[PDB]
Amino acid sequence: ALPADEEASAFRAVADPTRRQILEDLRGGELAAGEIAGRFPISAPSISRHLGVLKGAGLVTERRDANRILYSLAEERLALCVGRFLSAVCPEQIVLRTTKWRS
């Protein structure tokens, strides 16, 4: 779990347009694997592989509930792993804010 390993696996995960779309779909709340597979014109096993890549990179969490795997966005992990680089290269356009604190 070394943070350049975590950056690298996060960048490989968001390299793929299907995986980006799965992450956007999860921003509204937890979705079952079957619901995610229902939204894409590729095979269920191809969606399983995409979801395994996202889970491998810490970008989604998994939970079981009967015969169903439900996926949740891990937005804090994504923000740190991609957002440190992006705010480092684009300091005048992109701000990372992990802090709970607000004005």
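Residue numbers run from 1 along the displayed sequence.
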**Prompt:** Taking the recorded C-alpha temperature factors, which stretch has the higher mean, 91 to 99 or 7 to 15?
**Reply:** 91 to 99
**Request:** Quick one: say whether 27 to 35 or 66 to 74 has the higher mean Cα B-factor in the deposited entry.
**Result:** 66 to 74
**Relative C-alpha B-factor of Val60, binned into the chain's lowest, middle or highest third** = middle
**Complete:** The third of the chain into which the C-alpha temperature factor of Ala44 falls is the highest
